[PDB]
**Q** 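Next up is a structure, given as structure tokens.
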There are 2 protein chains.
Amino acid sequence: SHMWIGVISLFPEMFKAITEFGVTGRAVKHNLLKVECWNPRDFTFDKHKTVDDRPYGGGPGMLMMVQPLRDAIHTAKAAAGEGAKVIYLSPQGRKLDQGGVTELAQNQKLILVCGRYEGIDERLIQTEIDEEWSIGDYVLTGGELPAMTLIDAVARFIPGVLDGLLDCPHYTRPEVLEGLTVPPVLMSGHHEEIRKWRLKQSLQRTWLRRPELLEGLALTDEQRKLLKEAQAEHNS
Amino acid sequence: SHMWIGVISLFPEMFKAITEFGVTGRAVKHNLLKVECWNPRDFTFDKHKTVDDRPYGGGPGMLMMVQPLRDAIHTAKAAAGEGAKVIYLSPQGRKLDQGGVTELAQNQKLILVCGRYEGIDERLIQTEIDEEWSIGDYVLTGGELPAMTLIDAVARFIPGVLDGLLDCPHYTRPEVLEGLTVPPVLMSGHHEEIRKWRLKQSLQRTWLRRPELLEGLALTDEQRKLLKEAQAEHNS
Ligand SMILES: c1cc(-c2ncc[nH]2)ccn1
Ligand SMILES: c1cc(-c2ncc[nH]2)ccn1
């Protein structure tokens, strides 16, 4: 299932970071994922290719200029054809988590709009944007890294490209590393013991580090047992 | 106040996205920010430059191979000299928010370790890593985009590079956009009316979209008043 993602950005070359390297790079090369960028700078008509503009009401900072951005978005929509969801990467957006990723990944076509400066005109959000999404409650210099993050996350759902708990600890060679040994169970070859140990560790780590994540889960009987055991061992 | 960030990554060229463009690109060019990358691949000794290894206990997936990664980290620490905090970008880490960004930005030197595959050996975390940080509860293909995100966020705190509520809506030219007008107050030139309108909008948007953020705030008398007004107007 091919995925097409249109991107609107003043810095399209940043996206080489996902299109030319690693798992996402492979997805692009193998035509599993297509990423197409439009730069508002290319839709300007003045000599100096102006892409920013002053906010009504004054104050510091600039906004993205409406006409070049609007025209870039319209061009991306035309290329997408029917059914593309238009996303504005924004601190005022819905907070991205894995549930949200799975939801966005159901779309075969996405258009991602990346803001710079103090953002974009509110009326463009109303008229051009379907959904606003935030990758986190921290402040960045532009929407490009959030767009790249979202692309990487949804790309994992495309066939051929590759449960609520934190991961268990992992171990590889050597058997002893600065005096620290590998848990003997992992050397046992007992597949079922290994599975249960890993699940128990995941439950313990989630409880200790991110206990709010547990409250959102309906633990299985097995998970309830192993969590109880982990909590008992923790309390010695 | 110069910031130095050492990066450990199998895909160092991804970091061109922040070092060659925009605000962070300027910071690098002006020597406000230095980003130095070491690639574990360069610390391998076998013919095929192997950087992954099998997990004890079996199961699918690979881990980063310990020796090349350990050697890369040691080299970065040597370059950093005294006082560098070593960060592992990890889904099992502390959740990044702006408070966390401000905390990390107090460091003049950081080393960021980027994992690939199923991650890194737990004993390396114990022996080499100071803090684990996550940029969000979503699954990515590697630690590079999180590291880049963190760099961008902390870079904003460096002098010369450039309150808990969502931003107010912003408007720029034209005065009318597909029939939608700019709020008259923003055209008034009344600086104090404009300030209060923007603050009120911020409070309203936070309440409607992210009400949990409000509970974490000690609103000023003015903010309490404007929020009450916004809620009254919302209830018509
Ligand atoms: C999405 C977008 C942003 C952002 N900051 C500046 C321009 N876009 C931050 C977090 N999630
Ligand atoms: C930090 C790191 C990650 C991550 N996923 C895969 C390797 N590193 C995800 C979120 N925050």
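A note on names: the letters A, B, ... follow the listed sequences, proteins ahead of strands, and every chain is numbered from 1. Heavy atoms only: backbone and side chains are in, while hydrogens, waters and symmetry mates are out.
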**Q** Would you say the side chain of B/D137 lies within less than 4.5 Å of the side chain of A/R210, judging by non-hydrogen atoms?
**A** yes
**Q** So what's closer than 4.5 Å to chain B heavy atoms on A/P174: side chain, backbone, both or neither?
**A** both
**Q** Could you pull out the closest heavy-atom pair between A/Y138 and B/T149, with the gap in Å?
**A** CE1-CG2, 3.6 Å
**Q** Between B/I125 and chain A, with a heavy-atom cut-off of 4.5 Å, which part of the residue counts as in contact: side chain, backbone, both or neither?
**A** neither
**Q** Chain A heavy atoms under 4.5 Å from B/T181: which part of the residue, side chain, backbone, both or neither?
**A** backbone
**Q** Side chain, backbone, both or neither: which part of B/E178 has a heavy atom under 4.5 Å from chain A?
**A** side chain
**Q** Looking only at non-hydrogen atoms, find the nearest pair between A/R116 and B/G22 and report the distance.
**A** NH1-CA, 4.1 Å
**Q** Mind listing the closest non-hydrogen atom pair of B/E118 and A/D167 along with its distance?
**A** O-OD2, 4.3 Å
**Q** Do you know which of B/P183, B/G99, B/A155, B/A153 has the most heavy-atom pairs with chain A at a distance under 4.5 angstrom?
**A** B/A153
**Q** Using a cut-off of 6.0 Å, state whether more than 12 heavy atoms not belonging to A/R205 lie near its atom CZ.
**A** yes
**Q** Heavy-atom pairs under 4.5 Å with chain A - which of B/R70, B/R209, B/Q67 has more of them than the others?
**A** B/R209
**Q** Name the member of B/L124, B/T141, B/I120, B/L162 that forms the most heavy-atom pairs with chain A at distances under 4.5 Å.
**A** B/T141
**Q** Based on non-hydrogen pairs under 4.5 Å, which of A/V101, A/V23, A/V154, A/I135 is most in contact with chain B?
**A** A/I135
**Q** Under 4.5 Å from any heavy atom of chain B, what part of A/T127 do you find: side chain, backbone, both or neither?
**A** side chain
**Q** How long is the span from the CG atom in A/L166 to the CD atom in B/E132, to the nearest 0.5 Å?
**A** 9.5 Å
**Q** Heavy atoms only, distances under 4.5 angstrom: which of A/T102, A/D97, A/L180 has the most pairs with chain B? Name it, please.
**A** A/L180
**Q** What are the two closest heavy atoms between B/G57 and A/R198, and how far apart are they?
**A** C-NH2, 3.4 Å
**Q** How far does CE of B/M62 sit from OG1 of A/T172, to the nearest 0.5 angstrom?
**A** 7.0 Å
**Q** State the OG1-CZ distance between A/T24 and B/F11, to the nearest 0.5 angstrom.
**A** 8.5 Å
**Q** Of all heavy-atom pairs between B/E175 and A/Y56, which one has the smallest distance, and what is that distance?
**A** N-OH, 3.6 Å
**Q** Kindly compute the distance separating CG (A/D121) from CZ (B/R173), expressed to the nearest 0.5 Å.
**A** 11.5 Å
**Q** Minimum heavy-atom separation for A/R123 and B/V182, please, with both atom names.
**A** NH1-CG2, 3.5 Å
**Q** For chain A, find which of B/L145, B/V66, B/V139 contributes the most heavy-atom pairs closer than 4.5 angstrom.
**A** B/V139
**Q** Would you say A/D152's side chain and B/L140's backbone share a donor-acceptor pair under 3.5 angstrom?
**A** no
**Q** Where does A/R94 contact chain B at under 4.5 Å (heavy atoms): side chain, backbone, both or neither?
**A** neither
